[PDB]
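**Student:** got a sequence here, can you model it:
(2 chains)
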Amino acid sequence: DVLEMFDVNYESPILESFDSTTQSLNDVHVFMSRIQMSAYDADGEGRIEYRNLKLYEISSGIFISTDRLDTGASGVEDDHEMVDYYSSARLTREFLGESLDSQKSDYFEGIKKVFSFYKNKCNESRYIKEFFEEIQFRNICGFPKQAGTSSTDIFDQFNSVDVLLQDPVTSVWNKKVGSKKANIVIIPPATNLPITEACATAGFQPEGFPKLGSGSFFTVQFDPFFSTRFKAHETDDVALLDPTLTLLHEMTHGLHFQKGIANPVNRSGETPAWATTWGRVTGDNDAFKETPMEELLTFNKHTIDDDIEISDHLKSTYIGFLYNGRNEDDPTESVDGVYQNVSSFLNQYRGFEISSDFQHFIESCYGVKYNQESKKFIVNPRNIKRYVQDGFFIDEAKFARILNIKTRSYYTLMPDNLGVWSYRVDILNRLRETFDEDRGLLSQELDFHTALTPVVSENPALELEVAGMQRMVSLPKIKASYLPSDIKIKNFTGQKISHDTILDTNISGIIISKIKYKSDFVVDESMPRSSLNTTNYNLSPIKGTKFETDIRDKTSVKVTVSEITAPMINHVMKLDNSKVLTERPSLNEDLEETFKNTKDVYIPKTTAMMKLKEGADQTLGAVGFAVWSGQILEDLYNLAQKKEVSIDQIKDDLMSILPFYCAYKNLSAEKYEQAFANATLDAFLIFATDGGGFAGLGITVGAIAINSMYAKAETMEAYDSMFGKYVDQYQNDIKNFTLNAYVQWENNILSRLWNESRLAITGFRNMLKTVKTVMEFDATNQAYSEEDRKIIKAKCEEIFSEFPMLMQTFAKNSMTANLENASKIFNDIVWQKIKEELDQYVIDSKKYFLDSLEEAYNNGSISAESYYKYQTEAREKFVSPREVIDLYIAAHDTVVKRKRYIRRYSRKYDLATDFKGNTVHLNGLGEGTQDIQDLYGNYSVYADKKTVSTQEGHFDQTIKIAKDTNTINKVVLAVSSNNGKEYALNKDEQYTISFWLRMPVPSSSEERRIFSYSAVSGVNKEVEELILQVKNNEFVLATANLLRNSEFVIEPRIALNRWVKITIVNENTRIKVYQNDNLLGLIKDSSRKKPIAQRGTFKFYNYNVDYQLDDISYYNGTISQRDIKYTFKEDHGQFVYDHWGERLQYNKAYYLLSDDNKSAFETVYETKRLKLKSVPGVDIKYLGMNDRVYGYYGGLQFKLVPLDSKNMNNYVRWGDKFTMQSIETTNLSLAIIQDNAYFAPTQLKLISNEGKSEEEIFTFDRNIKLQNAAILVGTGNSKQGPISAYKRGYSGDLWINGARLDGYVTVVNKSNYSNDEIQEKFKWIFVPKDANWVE
Amino acid sequence: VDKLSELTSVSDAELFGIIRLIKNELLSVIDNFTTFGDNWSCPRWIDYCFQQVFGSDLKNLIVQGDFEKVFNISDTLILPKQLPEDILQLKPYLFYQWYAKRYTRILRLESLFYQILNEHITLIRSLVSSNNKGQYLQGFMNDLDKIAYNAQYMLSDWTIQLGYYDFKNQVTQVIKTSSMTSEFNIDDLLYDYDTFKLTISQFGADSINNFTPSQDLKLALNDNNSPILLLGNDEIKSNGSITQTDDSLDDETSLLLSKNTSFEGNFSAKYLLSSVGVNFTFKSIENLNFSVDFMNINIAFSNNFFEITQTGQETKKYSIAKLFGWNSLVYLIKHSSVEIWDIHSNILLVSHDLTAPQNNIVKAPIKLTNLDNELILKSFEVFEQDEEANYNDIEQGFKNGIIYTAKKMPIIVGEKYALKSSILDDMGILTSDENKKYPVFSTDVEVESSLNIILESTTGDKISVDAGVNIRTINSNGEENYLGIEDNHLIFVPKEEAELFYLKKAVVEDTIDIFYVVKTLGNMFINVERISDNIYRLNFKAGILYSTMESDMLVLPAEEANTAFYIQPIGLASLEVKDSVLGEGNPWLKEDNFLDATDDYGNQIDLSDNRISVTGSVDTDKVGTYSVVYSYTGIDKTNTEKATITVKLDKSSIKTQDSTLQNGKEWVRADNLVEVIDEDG
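**Tutor:** Residues are numbered from 1 along each chain as shown, chains lettered A, B, ... in the order given. Sure, the structure comes next:
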């Protein structure tokens, strides 16, 4: 249906005769055409020309060419490489041992195999299907209709490619026979571009400034046979950019070109300031870096180590500024926007009676509706906001999450020279099986792909020198190496409102809740895909160039700065690797003297580097090195812990700093703590200079001024227009001011401190590469003994194995400090100054409104009705805005979205994660018999249907696994993340597998196996890593991928019919095991043998009892004991649980026990008074042993009847009041009744519940959310109201204790002394009569 | 140090400034050790004590080998000269031997830091209580009590952490340095942390309640069964009728505050570093005018505006959304700010800056005067909270189990609701198709027959998420068609072939609303699939792709909002108009005589909607009455409201001429203004 490809070959004949009658133009598939290109000349001057090209309509609207249009010279010599491979021979001459026709035949068969892969990904995901539809089948409309195109004509240069035949009089292909529907054109990279440069361009760019909403087909210059290398998120694990994602990045660029929202342009023609982000390095001459927000939205990747991203509220601000435009005080810098350009385009048809196929052509283009009466297009300012919003519904980051392929932007490519960038991708599987059509590239490890061999390889660089000094710092020329500039403060001024002023209406401020669901694309098979209209166009050379996305800047700027910038501090902290070390690294503690030697490494003045500058004492052998290196590792962890300071600027809050941040101001880490007394908010900036001058935190907000009223007519209607309009612009000025204040905070503070967060994680990673090379140089010290070097080099490689977790711990703390700083600067500096300015704006505008309203009434320029109308209006409108609360809810949704990112952070991630960090969601999606399926699509579940079931159970659904008493070690459930691709293997891989397990008591020691994780050690290879089994009458978590392979005996009895949670944090060296939330122990003192990846299988085996599972999870990195406790409490949700770990239920027979003795109630001999009696234990056999475990089936059973009875299977939550009804006698319920004839005057009794009875309403103590148990609270009310203190004994809440002679009750103390000591809560247990527990 | 040096007097402002530094000195922790133990939560002030004595901190001199030197531990564990028949039995023997030989030497340096901690807090009690007399002071001494009690438990917990990784190290060294059990399961002799820690000390810093309980408002009866009213444990005053009502959000009761009905308690923040507040649930019926007077701040909710007055400061009015049904509100009083939170959706409502210094430590009363029609209170707790306690991170909803409409009233079995989709709002109307076999969401404006929804359970009336329902579907006439499933399509079935649907509470990413997914027992979730430009199907898909099962909720991504449904009430359509007496020449717009309208679901809409047509105009030049018909054209019914606009004749002139008075000429009005005539002339 979607990418249904036509029978078109490279060998298919071109159209040479059409005849116009017998055969349709929709059946023409190879033909000569014309695509608009940005040609260049010998002068280097750009001009927008048309080029002839043989087309091949490979699918229903998608054309490809194989020509390489002669678009002027590259200017770069053959076989050179700046960062992309420049050649003139590819698809023009014989290039790399293959002929021109073989390169031309491969590029056809190569592109057609890329789209074969997308069609196989069309049916496996709705989210890719909705993309290829929205981008192939879309109606495309362009506004300023050119010469030769009539109005009411659905095919023109914007959405069609001409079909040309050859003249009889000459061999020129220009005899136009019609034009068929175009959406995509895929050509090779042209002559003026490098071989590896994918760039998307609007197909037709008219002369003049592009209008927002003016759609076009998009041209992509993409070659799938070449890629460039990238340094992945996995540190120094270099990979190759997947070309099937590089095309999907440009189609994402091209969907914007089809909608018209890709080149936002003002009236003066330049890009508006709200559509780019600017970097800056100041010095001798200024260097800047522009990254447009269309690039930030096409690769909207939400990680710390990616600068090319914006938040969901900053995205919506840009989406809303494309929709409604943005008026400036200078009207030549205003933006027209989509709504004011579609509406100025559809009003040309307001009295003209367009056709039916043209009307449906627009009504699907812009979602508008056309009425038969009044001859006009009714335009809706919600379907155009829905039109621009649905243009950005997907991005390269969401494609790389669906398609598990790793990526990094071209706009953040750091030349860490591991050699050559440009590689040969073999998409036709000529040498080895490289790229399937079902799955994409079968690797990204660049040992597969043949590296190109260039002659000259010059990476572009930013050359920074300090003024009075001599050391060149060639930074990468990317956005990371520049200071992210503040946005210009707005300073809202007066309006001078008249009765005729056309003030904006569709302005929305901050939107809090929005369903951003891109509405499904309806197909229309009854619309033409061609037109037989020979109409000559204007193909004259337009002087200029077309807006091409993804153009790679290849210049090199030399700036002589005054101050050393953080990017430079980051640079000189790096060991300057490339050599083989002969002498020791000259570690230098002073930053301004490191820039004087061009050989020193700048170390910070911490007690980790001062113990590294001074080596180990060689007099002490292996032992002195272990104490030296061990102390350095501890002193580096002290730089990683965030510590709170106090500022006079921030009241009521302690701002956070990491000790490491002293490295960026050249302080001693204790003089750095001195500088926070008598401080400002322009501290906390590790990166506070652009190179020339101080660049402080832009917390200043523009002053918002009240509007004026100027009536030009003196009628009563002219004042009712003016007094209405003044309130209308009052609400418009607030909605723009609270929106300008979110973007000032989200850019100047949140984005600045997040960038200083990732400049710190880079610099800490660079100084850890200095710790590595100095401890490695000191390990090869010849003054050491040669059998002490075996111990010393093993110690250097053990401190190195802790760098992983140190740099995670540093990143989780550097992010948490800088996010809470940006959160606290909002709450205390920015949002306070918004609230302080808008309070004066609300008050002064009300004072101005109600002094012109009383002036106009007393003069008589307004009626008595209108004066009373606008007096009630000022009382209801000129009030404290709810947009300063919407500004709060916006800025605290971005922080929560980043507080959640820090919680799920991993140093190395492979699979597309959750927001909890999990990569697995097994669900039991079946009609009658449930087949288990991963709902994140990361895992493939094999579930043997004879034994693996799926029930309702623990939290929602369990995976029951049946007995097998005959055949041991049979895998029945296997949840694999192994595709069969080649992943980046490493020994430095951490993960965390976790699953709930309910197992009854096993009597037999059959030495079977329960569960085995097996991580990927290669290509369709897997090494067992973590085996849970029965080993010697005890459950043992063995280990199979360590150098020594220790075991770990699970001592706590986990198989006693109770829901346990087994978490296994497998770090490299340590393997921590957790039962529920408590650390059972470690497997330490051994590293990983075989390198693995973060993909693997979760083989759950058959056991000799029916066990269950639930929430089987896999996390890409380590989980803290702090975060394991938090996850464990939040997994339980809002339910009160049984002892077995299952949620409590009303109308269910529960043994009520005491959780300490496990003692149960019992009636005194004949009366209805209760006596707590002890419940005897159970002699079990647990794995062949003779364990003695807690008994639970004793004493009185109690239902929990709700307050009006519903039915049984309803669950009990925290705060649910009930009534404990006896079961052995159904007519009795628990109550607390005062007798004054026993020692306990306020006993707990069984009273009659017949009719209007005063049985006690109980509850559980909501303020103590325990698991597996809860504290009963007698509420003191009945179903007839509150119980009399004469009948009861007390009036309020009573905890239910295990103490007679208190009457098993004590008063809940709520006085101002109850938290002076420890509360001593009395926990009770509810055991239902379970069938897997016998006594 | 530099705070307590450059001070000759402790101000009431510097009381808060000091107690945050003592909280940052004695409760600050260095986190990571990662060798000789992983969870080593050492307090910051103790390592500074070890830094000042030995030059390096305690991590840098456990690595050196000075753990047994600086703790004066001069002994290691030893196995007995006769091991038991089971070497499992020397598991607690080494726990008693390590306790005597090595832990009580750690425990004797815990004694010294407990004395240094107490002598430091004694000094700041001396330097402040002698240099500050003020009403805040008892909050400072109460909070220094809390930091002392917590730091004494953090010091207690840190020696168990030091103890555990020393016990772990001594048990490996006692059997590696013996040939009797040289190779043995050391994990059979070690303890897990929570059995080692709870054997030594049952309580730690996690067992401390940081704040006192929340003082529930409650009805009660005396020994003379007189109707008293509690606030926690202490009887409070009551001024009018406070009775019980079965009208609750859940199947509990609720308090009926009648008109002009009030209680009055007392409250005080025990600590300086606390926010104090009022957490309460109420049914937001129209014309509610109650007012909570808490900690010398009056917070008056009135006609969906908030008025907050500090005692002796200016009243500031605050505009909110119209609160529709059962609302949970928290009236937080912070330092320098009063914040009102919605706790259903966990969003801020009002944030009022306190212009006067707020003292929450003195006892101030807690009123609630009702002032208008009967307030159905459910809860009323006066609590005291941490000052940095966020209401953002809490997942939203009542957390109740009951299914609520979009206007937060619970769903009753019957009552004829309206399914709405989340993709397409109220504007997307559930209807039947041309063949009368499918329910269809039609986003047309010419929808003929809407289809309302009746859920039914033969259980309790407030429908639980935990109970499966049958969904009848009744149109404008009364044709009742049960919803069933065949070929993964929601169709119409008979009663006996209906299907149990399970509404489950869900949220999508970038919204604050609570939606519901509709599943079956087979995890088949109703998706809204688009088939035409204006017509949407209801087709079942197996599970929700990329959906996260949270507590009991689903966290849908923004791409899976097909499955998100919500429910609205019906027959709430309204249109209110007025009769404006105009004058000859005085202008008229159609919005002048229009008061308020309301959708079928209760949404407050205005005249700019495409459903309210104004059929008729005026002249304002002739004297005749003019009737203007306002009409809201709904989905099934169209209600018209007559609005007459008279134009009363006005002839208003105050014609004047100029005058010159004489020598001190006494002045009256009559010498100038000559022609003055009223409206009728």
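
**Student:** which parts of the stretch 551-681 of chain B sit against chain A?
**Tutor:** Counting by Cβ under 8 Å from any Cβ of the partner chain, the residues of the stretch 551-681 of chain B lying close to chain A are B:551-552, B:555, B:558-559, B:561-562, B:564, B:580-583, B:585-587, B:589, B:592. Heads up, the C-betas are built off the backbone N, CA and C, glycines and all.

**Student:** switch the cut-off to 6 Å
**Tutor:** Contacts of the stretch 551-681 of chain B with chain A, taken as Cβ under 6 Å from any Cβ of the partner chain, map to B:551, B:552, B:558, B:559, B:561, B:580, B:586, B:587.

**Student:** from those residues, which land in strands?
**Tutor:** Under the assignment DSSP state E, these contribute nothing to strands.

**Student:** filter those residues down to the buried ones, PyMOL style.
**Tutor:** Selection command for PyMOL covering only the buried members of those, criterion 16 or more other Cβ atoms under 10 Å in any protein chain shown:
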select buried, chain B and resi 551+552+558+559+561+580+586+587
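
**Student:** narrow the residues of the stretch 551-681 of chain B next to chain A to those in helices?
**Tutor:** Among these, none falls in helices (DSSP state H).

**Student:** let me have the residues of the stretch 551-681 of chain B next to chain A in TSV, adding distance to residue A:946 as columns.
**Tutor:** Converted to TSV, these look like this (distance: Cβ to Cβ, whole Å):
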residue	distance to residue A:946
B:551	34
B:552	31
B:558	40
B:559	36
B:561	38
B:580	80
B:586	87
B:587	83
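
**Student:** distance from the chain centre to the biggest strand by length in chain A, please.
**Tutor:** Longest strand in chain A, counting residues (DSSP E): strand A:46-59. The chain centre lies 38 Å from the centre of strand A:46-59; the measure is Cα atoms, centre = their mean, to the nearest Å.

**Student:** again, but for stretch A:354-373
**Tutor:** 38 Å.

**Student:** the closest residue to residue A:817 other than its chain neighbours: neighbouring residues, count only.
**Tutor:** With sequence-adjacent residues excluded and distances taken as Cβ to Cβ, 6 or more residues apart in numbering or on different chains, residue A:817 is closest to residue A:656, at 3.8 Å. A count of nearby residues for residue A:656, using other Cβ atoms under 10 Å in any protein chain shown, gives 19.

**Student:** may I have the phi/psi pair for residue A:656?
**Tutor:** As for residue A:656, its main-chain torsions (degrees, to the nearest 10) stand at phi -110, psi 150.

**Student:** what sits against it?
**Tutor:** For residue A:656, the contact set (Cβ atoms under 6 Å, 6 or more residues apart in numbering or on different chains) comprises A:642, A:644, A:817, A:820.

**Student:** how close does it get to chain B?
**Tutor:** 11 Å (Cβ to the nearest Cβ, to the nearest Å).

**Student:** that residue pairs with what?
**Tutor:** residue A:644 (DSSP bridges).

**Student:** and residue B:69, which of the three is it?
**Tutor:** helix (DSSP: H, G, I helix; E, B strand; the rest coil).

**Student:** for residue A:295, give me phi and psi.
**Tutor:** Dihedral pair for residue A:295: phi -70, psi -40, per degrees, to the nearest 10.

**Student:** again but with residue A:253, I slipped
**Tutor:** In terms of degrees, to the nearest 10, the main-chain angles of residue A:253 are phi -70, psi -30.

**Student:** once you drop chain neighbours, what's closest to it?
**Tutor:** Nearest to residue A:253 is residue A:200, by Cβ to Cβ, 6+ apart, at 3.8 Å.

**Student:** count the residues that sit near that neighbour.
**Tutor:** 26.

**Student:** can you tell me which helix or strand it belongs to?
**Tutor:** Counting by DSSP states H and E, the element that carries residue A:200 is strand A:199-202.

**Student:** same for that strand, what does it pack against?
**Tutor:** strand A:218-221, helix A:243-259 (3 or more Cβ pairs under 6 Å, 6 or more residues apart in numbering or on different chains; DSSP states H and E).

**Student:** so what's the gap between it and the chain middle?
**Tutor:** In this view, strand A:199-202 has its centroid 27 Å away from the chain centroid, taken as Cα atoms, centre = their mean.

**Student:** pull out the buried positions in that strand.
**Tutor:** A:199, A:200, A:201, A:202.

**Student:** could you check how far residue A:1201 is from chain B?
**Tutor:** 11 Å.

**Student:** contacts only, for residue A:1150.
**Tutor:** Counting by Cβ under 6 Å, 6+ apart, residue A:1150 makes contact with A:1198, A:1326, A:1328.

**Student:** redo that, cut-off 7 Å
**Tutor:** A:1197, A:1198, A:1200, A:1326, A:1327, A:1328 (Cβ atoms under 7 Å, 6 or more residues apart in numbering or on different chains).

**Student:** among those, which lie within strands?
**Tutor:** Using DSSP E, the contacts of residue A:1150 in strands are A:1197, A:1198, A:1200, A:1326, A:1327, A:1328.

**Student:** what's the most distant pair in those residues?
**Tutor:** Spanning the widest gap among these are A:1200 and A:1327, at 13.4 Å by Cβ to Cβ.

**Student:** for the stretch 101-250 of chain B, just list every one of the strands.
**Tutor:** Taking DSSP state E, counting those that start in this stretch to define them, one finds strands in the stretch 101-250 of chain B at B:217-221, B:227-231, B:234-239, B:242-245.

**Student:** same question for the stretch 551-681 of chain B.
**Tutor:** Counting by DSSP E, counting those that start in this stretch, the stretch 551-681 of chain B has strands at residues B:554-555, B:565-568, B:574-577, B:582-583, B:594-598, B:612-615, B:626-633, B:638-645, B:647-648, B:653-655, B:675-677.

**Student:** residues touching the fourth one, excluding its own?
**Tutor:** I take that to be strand B:582-583. Outside strand B:582-583, the residues that reach it (Cβ under 7 Å, 6+ apart) are A:863, A:865, B:588, B:620, B:645, B:646, B:647, B:648, B:650.

**Student:** any idea how far residue B:677 is from the last one?
**Tutor:** The spacing between residue B:650 and residue B:677, counted by Cβ to Cβ, to the nearest Å, is 10 Å.

**Student:** what of the second one?
**Tutor:** Taking Cβ to Cβ as the criterion, residue A:865 is separated from residue B:677 by 21 Å.

**Student:** so for those two, which residue has more residues nearby?
**Tutor:** residue A:865 (20 against 12).

**Student:** which non-adjacent residue is nearest the more buried one?
**Tutor:** Using Cβ to Cβ, 6+ apart, the closest residue to residue A:865 is residue B:580 (5.8 Å).

**Student:** doesn't residue B:644 make contact with that neighbour?
**Tutor:** No. If you go by Cβ atoms under 7 Å, residue B:580 and residue B:644 don't touch, sitting 9.0 Å apart.
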